[PDB]
Amino acid sequence: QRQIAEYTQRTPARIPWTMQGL
Amino acid sequence: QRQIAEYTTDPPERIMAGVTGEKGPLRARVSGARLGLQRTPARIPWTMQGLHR
Amino acid sequence: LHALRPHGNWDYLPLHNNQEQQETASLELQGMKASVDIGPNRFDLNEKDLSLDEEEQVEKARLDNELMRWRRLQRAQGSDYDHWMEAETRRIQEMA
Amino acid sequence: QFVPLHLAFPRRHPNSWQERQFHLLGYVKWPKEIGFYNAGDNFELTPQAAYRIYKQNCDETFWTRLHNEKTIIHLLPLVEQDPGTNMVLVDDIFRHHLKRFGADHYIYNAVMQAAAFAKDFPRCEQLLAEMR
Amino acid sequence: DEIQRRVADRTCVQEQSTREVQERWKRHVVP
Amino acid sequence: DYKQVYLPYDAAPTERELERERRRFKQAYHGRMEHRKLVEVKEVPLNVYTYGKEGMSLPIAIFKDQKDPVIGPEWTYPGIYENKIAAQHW
Amino acid sequence: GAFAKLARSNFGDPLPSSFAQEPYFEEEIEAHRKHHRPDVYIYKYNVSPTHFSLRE
Amino acid sequence: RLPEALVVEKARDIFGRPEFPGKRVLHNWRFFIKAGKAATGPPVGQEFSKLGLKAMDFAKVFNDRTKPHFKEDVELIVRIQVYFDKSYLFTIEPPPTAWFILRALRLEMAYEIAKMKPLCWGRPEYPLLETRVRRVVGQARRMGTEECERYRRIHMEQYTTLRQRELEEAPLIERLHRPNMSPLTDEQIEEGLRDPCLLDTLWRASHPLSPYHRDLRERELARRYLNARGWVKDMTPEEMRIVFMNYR
Amino acid sequence: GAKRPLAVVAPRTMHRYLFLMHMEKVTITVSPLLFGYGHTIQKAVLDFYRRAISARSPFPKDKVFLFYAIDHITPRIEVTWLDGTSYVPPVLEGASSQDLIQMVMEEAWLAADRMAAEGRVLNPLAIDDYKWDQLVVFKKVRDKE
Numbered sequence: 267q268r269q270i271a272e273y274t304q305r306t307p308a309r310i311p312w313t314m315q316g317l
Numbered sequence: 267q268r269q270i271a272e273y274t275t276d277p278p279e280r281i282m283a284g285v286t287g288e289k290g291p292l293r294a295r296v297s298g299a300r301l302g303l304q305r306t307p308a309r310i311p312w313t314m315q316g317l318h319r
Numbered sequence: 428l429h430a431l432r433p434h435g436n437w438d439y440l441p442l443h444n445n446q447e448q449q450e451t452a453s454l455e456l457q458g459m460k461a462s463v464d465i466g467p468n469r470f471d472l473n474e475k476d477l478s479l480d481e482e483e484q485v486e487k488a489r490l491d492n493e494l495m496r497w498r499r500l501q502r503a504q505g506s507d508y509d510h511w512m513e514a515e516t517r518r519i520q521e522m523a
Numbered sequence: 040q041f042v043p044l045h046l047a048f049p050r051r052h053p054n055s056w057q058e059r060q061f062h063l064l065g066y067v068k069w070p071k072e073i074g075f076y077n078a079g080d081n082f083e084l085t086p087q088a089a090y091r092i093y094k095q096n097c098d099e100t101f102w103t104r105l106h107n108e109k110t111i112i113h114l115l116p117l118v119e120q121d122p123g124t125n126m127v128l129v130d131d132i133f134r135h136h137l138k139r140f141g142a143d144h145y146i147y148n149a150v151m152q153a154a155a156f157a158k159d160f161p162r163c164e165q166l167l168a169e170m171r
Numbered sequence: 157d158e159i160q161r162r163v164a165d166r167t168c169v170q171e172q173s174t175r176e177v178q179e180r181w182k183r184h185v186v187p
Numbered sequence: 028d029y030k031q032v033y034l035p036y037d038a039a040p041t042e043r044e045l046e047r048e049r050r051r052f053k054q055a056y057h058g059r060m061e062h063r064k065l066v067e068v069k070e071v072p073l074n075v076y077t078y079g080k081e082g083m084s085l086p087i088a089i090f091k092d093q094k095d096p097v098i099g100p101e102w103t104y105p106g107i108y109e110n111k112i113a114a115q116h117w
Numbered sequence: 058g059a060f061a062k063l064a065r066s067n068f069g070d071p072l073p074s075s076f077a078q079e080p081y082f083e084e085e086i087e088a089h090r091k092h093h094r095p096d097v098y099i100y101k102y103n104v105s106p107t108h109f110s111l112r113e
Numbered sequence: 025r026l027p028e029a030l031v032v033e034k035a036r037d038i039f040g041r042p043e044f045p046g047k048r049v050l051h052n053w054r055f056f057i058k059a060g061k062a063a064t065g066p067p068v069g070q071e072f073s074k075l076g077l078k079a080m081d082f083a084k085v086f087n088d089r090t091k092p093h094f095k096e097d098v099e100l101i102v103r104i105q106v107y108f109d110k111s112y113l114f115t116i117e118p119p120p121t122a123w124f125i126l127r128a129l130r151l152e153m154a155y156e157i158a159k160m161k162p163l164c165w166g167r168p169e170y171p172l173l174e175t176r177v178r179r180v181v182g183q184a185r186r187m188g211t212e213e214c215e216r217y218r219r220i221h222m223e224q225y226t227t228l229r230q231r232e233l234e235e236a237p238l239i240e241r242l243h244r245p246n247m248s249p250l251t252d253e254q255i256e257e258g259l260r261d262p263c264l265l266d267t268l269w270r271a272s273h274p275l276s277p278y279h280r281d282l283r284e285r286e287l288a289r290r291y292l293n294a295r296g297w298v299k300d301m302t303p304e305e306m307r308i309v310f311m312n313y314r
Numbered sequence: 156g157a158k159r160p161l162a163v164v165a166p167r168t169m170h171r172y173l174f175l176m177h178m179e180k181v182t183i184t185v186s187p188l189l190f191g192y193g194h195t196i197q198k199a200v201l202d203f204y205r206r207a208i209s210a211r212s213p214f215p216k217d218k219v220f221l222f223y224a225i226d227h228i229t230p231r232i233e234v235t236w237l238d239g240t241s242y243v244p245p246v247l248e249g250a251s252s253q254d255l256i257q258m259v260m261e262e263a264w265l266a267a268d269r270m271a272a273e274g275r276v277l278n279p280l281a282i283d284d285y286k287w288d289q290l291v292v293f294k295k296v297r298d299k300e
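Residue numbers (the entry's author numbering), protein chains in the order written: chain EP, 267 to 274, 304 to 317; chain EO, 267 to 319; chain EE, 428 to 523; chain BI, 40 to 171; chain Ag, 157 to 187; chain BV, 28 to 117; chain Bf, 58 to 113; chain AK, 25 to 130, 151 to 188, 211 to 314; chain Ap, 156 to 300.
See the structure below:
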């Protein structure tokens, strides 16, 4: 009674453009 | 049953459960149980006796 | 050779100074230089990437065992009392 | 070249040195009922002593599914010899395993092999179906 | 106890939950 | 050159005050320890009240359209009142 | 000989390698078996379709 | 504290950090080149001849970038990083503090100068200038009341709250480069994941003997020091330092 | 599904680099959340990914894929061959990047044997620009000692 009273996923990495664009 | 398995099993055991070595099972899986250390074969070679920091 | 020198076409690239200055340089122009055009971009290429054959592996293990036994034999060669006392007092001064 | 550096024969240790090194390494001479060194000089634990240490250390923090598996392994020949009374011990081990760790490939395969030795193919089929 | 202390100190990458659940079951079953 | 954009005060100073401030700033100490010797400072500006406090344009621009940035009050700059005490030769 | 024939040159390298002062080699198994060995165990012995061994 | 908006935009454009590929670097040149001048001799051309690359291709883009909308006769730093693929990345940087002090001499001046030298133009706030103005005045020295008593504490409070806000808002890249004792947010996680150099900083933080691992090691050593010479378990390092300084 | 029995003895080679010619694709899922828990494992997996990017291939950037998993148990490496078989090299503590490379290359040789036995044709290994880049450091070390 007293207690109630007190109570109330998988993302791919981004390669840099200097490496992926060529 | 499933919840008790997940609550008792640790990441290392649940990783090494399905792993198998070249000489057979993993040494960790084989020696995880030791009813007294007198029963251990001590199959570590002299090149592997060493232990890094 | 002066006619077909490297980068000799830059005089003809821009047909006019105004048209050349109209273009605005960006950091992409700097970044594009770091990318090799013909070959693929690779992270690292060092001596550790050199694969070894069976004979090379056996020879390397033999050289390592030779180095081990050489260190062991030098522990006794340098154990001449003079050099041994030298190393002993050096270690004493190091720890002190 | 002809002067040998090392020598495997003749031996370089008398009989007393065997006992000396055995007591130096830290091993203890246990009675035969607990365990002994077999023909291959490997330490072998009696199934009775295995079940005893199981009953005594099943509650401690260092007990493991692999320890239960090894206990069933040690009980296997006694189970083969007498499938009537030793299956009770195996079932007790499985009950404690379900209480502590639960369902596991280790314990299920161990009890499957135990039933296979005890000549219970219906029980083996039941265990496989339970796994599935 | 010795081997678990050594392996914990030398690994240093683990989770205390697995070590705690076993000692809790011990506290619940033994005394 | 230094370019006086605005005056930081409203009362023009006098020659006697300017000279006394210059003579007072002409001497300064070097280091903070037992080996402390009094030295004379060189290249003292003719004005002290309007040298590096407020109302000047420092020629530190890097850019075409970047004008010589103006000099603000003492208090618009953070940490400075504690720097005047802690940024010494300890 | 094959490499020398491809390179169109004779090779006379002497004493290429001695075995060892104590040659030792452990047992080697099939290419697929040495990496796909299952953990099949019986009473106290690892049992593979080609090998036996002691387990603990 | 912050420069003019147009000056900041212009600085962000000129002093940019292109996405580095992360290859094994060969070396790093720190050269001093002016805006309207093309260096192709001993300072830069000799190095490019030693390396085998063409200095003309670099001088062309440099003169195309730094020459317009810049004041004439302004010494600018250039950091060039060369990789194992014989490829270089050059980044422009404002004049050195020595040149700035020389131009100023022919705290207000010092702060206005230090306004031009942040560590990253992507965030001109971090780091706070009042920390680097100390080094600026130190280099200047190496070369050659009622309002103050309240402004000191006002500035102390502002510095402390801004340092706390920076410690809280440290991004994922800064978190991986240097550890942080504040909870990490999923928003900052995604912000760091969008960055391409995440993999490179991750590898550099995973490799041992790194600054990140050194900070972790010194944290562990401080923990062991507390566990060994602590009066009580729940002892804070501040009170431990107080005990040390008061007990000698 | 093969017409001939498989090989018995495998070639012995210290595999230092990857060879993605007989390999369709690789997906390395790694967790960038915390590294004080996997300093060894994270470093090993990251350096393995780096070597896979720098591996021997015409365009390894098209075959290598990296996946950040914000909430992951342990870094995984899935390899799919030309046939489509899925293999998982287990990663444990103490395993090095060279160890992972050797595992993957041994399994790749086994899979290539399987393809050749099933009847699938495979592009053979020959002299490539990667081989020239490797002879570069070969010349370097032979001039060193």
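We treat Cβ as the ideally placed atom computed from N, Cα and C, and that holds for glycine.
- When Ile107/BV, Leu73/BV, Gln93/BV and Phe90/BV are compared, the shortest CA-CA separation from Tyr155/AK is found for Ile107/BV.
- Rounded to the nearest angstrom, the Cβ distance from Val66/BV to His57/BV is 5 Å, consistent with a contact under 8 Å.
- The DSSP-derived three-state label of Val71/BV is coil.
- Residues of the same chain with a CB within less than 8 Å of the CB of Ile208/Ap, apart from the 5 flanking positions on each side, are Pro215, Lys216 and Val219 in chain order.
- Taking the beta carbon of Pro35/BV as reference, no residue of chain AK falls within 8 Å; the closest one sits roughly 11 Å away.
- Scanning its chain for C-beta atoms nearer than 8 Å, with the 5 sequence neighbours on each side dropped, one finds around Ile73/BI the residues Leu84, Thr85 and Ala88, in chain order.
- If you check the CB distance, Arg171/Ap and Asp438/EE do not come in under 7 Å.
- For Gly466/EE, no CB of chain EP lies under 7 Å from its own CB, so it is not counted at the interface with that chain.
- The residue from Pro161/BI, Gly123/BI and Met170/BI with its alpha-carbon nearest to that of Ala142/BI is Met170/BI.
- Taking all protein chains in view, the Cβ of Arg43/BV is surrounded by fewer than 16 other Cβ atoms within 10 Å, so the residue is classified as exposed.
- Between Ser105/Bf and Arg94/Bf, the C-beta spacing is below 7 Å.
- Taken in chain order, the complete beta strand (DSSP E) segments of 3 or more residues contained in the region 45-103 of chain BI are 74-76 and 82-84.
- In this structure, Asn87/AK lies away from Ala63/AK, with their beta-carbon atoms at least 7 Å apart.
- Between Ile104/AK and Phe114/AK, the CB-CB gap stays under 7 Å.
- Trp312/EO sits exposed, since fewer than 16 C-beta atoms from the chains shown fall within 10 Å of its C-beta.
- With a contact defined as Cβ atoms closer than 8 Å, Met176/Ap and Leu280/Ap qualify at about 7 Å.
- Nearest CB-CB separation between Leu46/BI and chain Bf: not below the 7 Å threshold.
- Here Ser272/AK carries a helix assignment [DSSP, helix/strand/coil].
- Against chain AK, the beta carbon of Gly458/EE has neighbours under 8 Å at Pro42, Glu43 and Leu113, listed in chain order.
- By the C-beta density criterion, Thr41/BV is exposed, having fewer than 16 other C-beta atoms within 10 angstroms.
- A direct Cα-Cα distance of roughly 34 Å separates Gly182/AK from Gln70/AK.
- In this structure, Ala88/Bf and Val163/Ap form a Cβ contact; the two beta carbons are roughly 6 Å apart against a cut-off of 8 Å.
- Straight-line spacing of the CA atoms in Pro120/AK and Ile101/AK works out to 7 Å.
- Within the same chain, and ignoring the five residues on either side of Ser252/Ap in sequence, the residues whose Cβ sits closer than 7 Å to its Cβ are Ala199, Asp202, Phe203 and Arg206.
- Rounded to the nearest whole angstrom, the C-alpha separation of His136/BI and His108/Bf is 31 Å.
- Contact of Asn67/Bf with chain EO is not assigned, every C-beta pair being separated by 7 Å or more.
- Taking 7 Å as the threshold, the shortest C-beta distance from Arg94/Bf to chain EO falls below it.
- Against chain AK, the CB of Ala461/EE has a partner CB under 7 Å away; the residue lies at that interface.
- Contact between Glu152/AK and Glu81/BV holds: CB atoms are separated by about 7 Å, below the 8 Å threshold.
- Between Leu237/Ap and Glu273/Ap, the C-beta spacing is not below 7 Å.
- Neighbourhood of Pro433/EE in chain AK, by CB distance below 9 Å: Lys78 and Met80, in chain order.
- Proximity to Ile183/Ap across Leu290/Ap, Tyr223/Ap, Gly239/Ap and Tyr285/Ap peaks at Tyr223/Ap, based on C-alpha coordinates.
- Residues are counted here when their Cβ sits less than 7 Å from a Cβ of chain Ag; for the region 87-101 of chain BI these are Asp98, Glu99 and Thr100, given in chain order.
- Distance from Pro118/AK to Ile89/BV at the Cβ level is roughly 6 Å; contact confirmed, criterion being Cβ atoms closer than 8 Å.
- Here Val185/Ag really is in contact with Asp98/BI; their C-beta atoms are around 5 Å apart, less than 8 Å.
- Between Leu317/EP and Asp480/EE, the beta carbon gap of about 35 Å keeps them out of contact (Cβ cut-off 8 Å).
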